[PDB]
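Asks: Pasting an experimental structure with its sequence.
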Amino acid sequence: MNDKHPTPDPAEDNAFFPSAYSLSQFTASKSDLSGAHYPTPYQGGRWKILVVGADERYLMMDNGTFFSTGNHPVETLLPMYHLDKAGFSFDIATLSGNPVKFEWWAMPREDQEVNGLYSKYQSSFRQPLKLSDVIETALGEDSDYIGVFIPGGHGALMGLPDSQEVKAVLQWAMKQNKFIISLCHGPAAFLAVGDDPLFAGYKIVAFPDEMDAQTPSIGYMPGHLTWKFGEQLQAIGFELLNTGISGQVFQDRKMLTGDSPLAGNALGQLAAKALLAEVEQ
């Protein structure tokens, strides 16, 4: 209960879930989902949002252990929940086409609304599209995507940050003036553009590197991260706005970001409002 030892994951050798203590502090049985009420939702039936999810659960730490991570389900589902109520549908993809991997230990088991939304999308999380197919047939000048959503969780730190596929998607979104929506560790994916200065001067919130340096001290992760995505984001032009976390969000043009696992509800409100205002041409 107050145990700070990482919790072995029976599926994978030398792999650990967060400690029982860290779970009692950083997860809850209910979310703070609120204000998802849009009286005049989009009903045009065209515009959709592309979700780029994590296909891996096991992240290699600096001491040889695997953190049993994935996408954070609250960070994933709260924004979707608002966008759903606003009238937008989702297509879900991973790099490999393998199933989206959730941090199930952060899923709020008592939250009827959040569990209802997962039920609606579960077939797509479990059997997602392969991003290469999306890039081949669903983007370009006349795409039906109004935006792209890249949820956080430390799973976002694998593959996405240097995928040439993610690069193509981000280049397309900026070129075609589409929304890019992310939070927490999700913005690590933005690194995929490599040395393309496309994001120079953009302002975002993201999970602070300094906090990643400290959570393993209470067993949240079984080791430390082998690199620092915040510093890398700064190095390609991003201004990181936040030192700590509070669940806040920022909109810089069509780039919408949230700061942490506290930011899902606010990011949903922000995204729904922006996309509703947009759907007007």
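Replies: Sure thing, it's come through. Residues are numbered from 1 along each chain as shown.
Asks: do you know how far residue 269 is from residue 86?
Replies: 10 Å (CB to CB, to the nearest Å). Heads up, the C-betas are built off the backbone N, CA and C, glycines and all.
Asks: Mind checking which of these two has more residues around it?
Replies: residue 86 (22 against 19; other CB atoms under 10 Å).
Asks: and the spatially most central residue of the chain, what is it in contact with?
Replies: What sits nearest the mean C-alpha location of the chain, by CA atoms, centre = their mean, is residue 151, with 1.0 Å. By CB atoms under 8 Å, 6 or more residues apart in numbering, the contact list for residue 151 reads 51, 53-54, 71-72, 75-76, 79, 182-184, 186.
Asks: Can you give me the neighbour number for the closest residue to it other than its chain neighbours?
Replies: Nearest residue to residue 151, sequence neighbours excluded (CB to CB, 6 or more residues apart in numbering): residue 76, at 4.0 Å. For residue 76, the count of nearby residues is 33 (other CB under 10 Å).
Asks: thought residue 76 was touching residue 103?
Replies: No - using CB atoms under 8 Å, residue 76 is not in contact with residue 103; the gap is 9.4 Å.
Asks: Report the secondary structure state of the residue nearest to residue 151.
Replies: helix (DSSP: H, G, I helix; E, B strand; the rest coil).
Asks: That one and residue 107, how far apart?
Replies: 10 Å.
Asks: what's the answer for residue 27, then?
Replies: 8 Å.
Asks: now do residue 225
Replies: Residue 225 is 23 Å from residue 107, by CB to CB.
Asks: What residues of stretch 51-65 count as buried?
Replies: 51-59, 61, 65 (16 or more other CB atoms under 10 Å).
Asks: Now tabulate those residues in JSON lines and tack on distance to residue 141 and secondary structure.
Replies: Shown next, in JSON lines, are the buried residues of stretch 51-65 (distance: CB to CB, whole Å; DSSP: H, G, I helix; E, B strand; the rest coil):
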{"residue": "51", "distance to residue 141": "22", "secondary structure": "strand"}
{"residue": "52", "distance to residue 141": "20", "secondary structure": "strand"}
{"residue": "53", "distance to residue 141": "25", "secondary structure": "coil"}
{"residue": "54", "distance to residue 141": "29", "secondary structure": "coil"}
{"residue": "55", "distance to residue 141": "28", "secondary structure": "coil"}
{"residue": "56", "distance to residue 141": "32", "secondary structure": "coil"}
{"residue": "57", "distance to residue 141": "36", "secondary structure": "coil"}
{"residue": "58", "distance to residue 141": "39", "secondary structure": "strand"}
{"residue": "59", "distance to residue 141": "37", "secondary structure": "strand"}
{"residue": "61", "distance to residue 141": "43", "secondary structure": "coil"}
{"residue": "65", "distance to residue 141": "46", "secondary structure": "coil"}
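Asks: what do residue 76 and residue 103 both touch?
Replies: residue 153.
Asks: who's in contact with the residue lying closest to residue 16 once chain neighbours are set aside?
Replies: With sequence-adjacent residues excluded and distances taken as CB to CB, 6+ apart, residue 16 is closest to residue 6, at 3.6 Å. Shown in contact with residue 6 (CB under 8 Å, 6+ apart): 16-19, 65, 219, 221-222.
Asks: most surrounded residue in those?
Replies: residue 18 leads the contacts of residue 6 on contacts (other CB under 10 Å) with 27 neighbours.
Asks: That residue touches residue 154, doesn't it?
Replies: No - with contact defined as CB under 8 Å, residue 18 does not reach residue 154; the gap is 10.6 Å.
Asks: So residue 101 versus residue 238, what's the distance?
Replies: On the measure of CB to CB, residue 101 and residue 238 end up 26 Å apart.
Asks: Also residue 173?
Replies: 16 Å.
Asks: what sits in contact with each of residue 18 and residue 154?
Replies: residue 221.
Asks: mind listing what residue 149 touches?
Replies: 49-52, 79-80, 83, 90, 181-182, 271.
Asks: In helices, which of those fall?
Replies: Counting by DSSP state H, the contacts of residue 149 place 79-80, 83, 271 in helices.
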